[PDB]
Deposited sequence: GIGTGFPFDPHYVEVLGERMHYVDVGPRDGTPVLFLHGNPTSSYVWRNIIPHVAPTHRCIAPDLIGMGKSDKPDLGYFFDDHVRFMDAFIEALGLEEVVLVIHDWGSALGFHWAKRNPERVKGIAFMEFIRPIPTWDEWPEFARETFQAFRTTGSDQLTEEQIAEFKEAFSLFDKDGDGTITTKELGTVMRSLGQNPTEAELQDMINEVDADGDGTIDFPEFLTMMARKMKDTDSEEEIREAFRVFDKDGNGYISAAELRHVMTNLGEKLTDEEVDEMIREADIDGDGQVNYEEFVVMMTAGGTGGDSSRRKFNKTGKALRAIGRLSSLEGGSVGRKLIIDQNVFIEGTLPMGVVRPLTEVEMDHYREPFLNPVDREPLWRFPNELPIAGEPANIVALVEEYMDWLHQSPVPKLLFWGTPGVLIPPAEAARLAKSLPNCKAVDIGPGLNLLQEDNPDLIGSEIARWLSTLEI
């Protein structure tokens, strides 16, 4: 009967203009034991391990910024964001000597902080920590296809001039060449095409595909929107809508003046006789106009004026695709909207079935879809296949620090595991200094939920070694 209650007095502290939350129970003197959680949990993952440590040693378990009960500022929640907030939080409490019990992304925070302050770390307990992996073949194949979906957004085999066609469509919006599409500069062409959305609608279309966190639209974010998922009918609403932009009078034909207007409304070079040559490749029945079925031809096909037309067609199609509010990153819609990281990824991290009262505590901090930004930034920050480069070099530095650090190290592993397999858990037991490895038997990622009895057991005995 594994307990699920959370009977800890909550404490709060402001850090960098935002407020954070932490548990603080235990004797007030000695060396504090700092618990650091990872994705997608909070302090709730340490609820049945603190009682094994709380009597003898002080236990501090904060929730990361934008998670648990800490404040949720509008940030990208990169790893460097958590470093800045955890750095100022540790010094806000005036801590010096510290013992670290870390897991998942909390281990990346604890180890990186220990490398920069090695004279202030008395002991490190850890399990399923962040490690560099060279190939996707080393990542467990049960979650290899899914964790790719969080990071396979954009660059879906777009080659030749396809990237060069979207960059010309990207040029229709960027008049100041800032590389980013301003929330007003988008509306500058929305008004220029006969429309006029609200400011709420203007930024809502950007809040769908802003993975950078700039609040604006990037070109890599412009590519992930233009996916090749061409449903025969569901994608007919955007080409038909592209036809409505030209056909203003609604008679069913695109006039030469209707064609020249929207193109010259934006930045294009078409005089009175520069538009007749693309009428040739469009007008096939000879009526001097372009109907609907002739229009889908040019939108599905020497680029004298073909370059000019296909350029705008890409931009006009992105307008209708932005208005769909479904042109976001595929990995984002899994974690943000559909919330697959709490509904599917989190339970698959524990081999035993989590209870409804248990997982309900995990849904609590992320009841708003917009507040799930760190839930999606964390998997994209994983050092996998040498990407991201800044994270790989960062984790490969505190691992080089850990190989030579004489501090006591307590490692917990399980079978089959996710981040630390049994094969790697055996090498770390024989390669790291002062390292004793404890096997919990069955275990994946959240080793705290499978055997919280054993985790707090060996830690308690390991605490009294210093």
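Visitor: Would you flag the ranges of the deposited sequence that the structure leaves without C-alpha positions?
Guide: No C-alpha for residues 302 to 305, 471 to 472.
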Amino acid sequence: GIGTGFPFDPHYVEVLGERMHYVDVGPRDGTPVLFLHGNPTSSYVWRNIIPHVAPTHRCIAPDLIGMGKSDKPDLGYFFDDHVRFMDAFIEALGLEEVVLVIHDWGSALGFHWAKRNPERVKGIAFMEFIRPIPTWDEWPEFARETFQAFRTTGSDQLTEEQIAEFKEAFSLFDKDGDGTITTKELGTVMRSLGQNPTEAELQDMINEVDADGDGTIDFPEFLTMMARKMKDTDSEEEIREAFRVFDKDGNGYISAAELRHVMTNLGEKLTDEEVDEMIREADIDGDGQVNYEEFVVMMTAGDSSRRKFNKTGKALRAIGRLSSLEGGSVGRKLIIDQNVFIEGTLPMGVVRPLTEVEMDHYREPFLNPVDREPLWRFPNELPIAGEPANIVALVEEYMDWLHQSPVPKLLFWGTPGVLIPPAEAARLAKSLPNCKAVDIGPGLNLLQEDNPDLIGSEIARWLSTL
From here on, numbers count along this sequence of modelled residues.
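Visitor: Quick one: say whether 275 to 283 or 71 to 79 has the higher mean Cα B-factor in the deposited entry.
Guide: For C-alpha atoms only, the mean B-factor is higher in 275 to 283.
Visitor: Quick check: 46 to 54 versus 402 to 410, which has the larger average CA B-factor in the record?
Guide: Higher mean C-alpha B-factor in the PDB entry: 46 to 54.
Visitor: Among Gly320, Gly213, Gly106, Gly252, where is the Cα temperature factor highest, going by the PDB entry?
Guide: The C-alpha B-factor peaks, among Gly320, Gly213, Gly106, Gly252, at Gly213.
Visitor: According to the deposited entry, which of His112, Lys333, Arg120, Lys269 has the largest Cα B-factor?
Guide: The listed residue with the largest C-alpha B-factor is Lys269.
Visitor: Compared with the other modelled residues in the chain, in which third is the CA B-factor of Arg28?
Guide: It belongs to the highest third of the chain when residues are ordered by C-alpha B-factor.
Visitor: Looking at the entry's B-factor column for C-alpha atoms only, identify whether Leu64 ranks in the lowest, middle or highest third of its chain.
Guide: Ranked within chain, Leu64 CA B lands in the lowest tercile.
Visitor: Lowest, middle or highest third of the chain for the C-alpha temperature factor of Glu381?
Guide: It belongs to the lowest third of the chain when residues are ordered by C-alpha B-factor.
Visitor: How does the C-alpha B factor of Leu454 compare with the rest of the chain: lowest, middle or highest third?
Guide: For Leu454, the deposited C-alpha B-factor lands in the highest third.
Visitor: Sort the modelled residues of this chain by their C-alpha B factor and say whether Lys184 lands in the lowest, middle or highest third.
Guide: It belongs to the highest third of the chain when residues are ordered by C-alpha B-factor.
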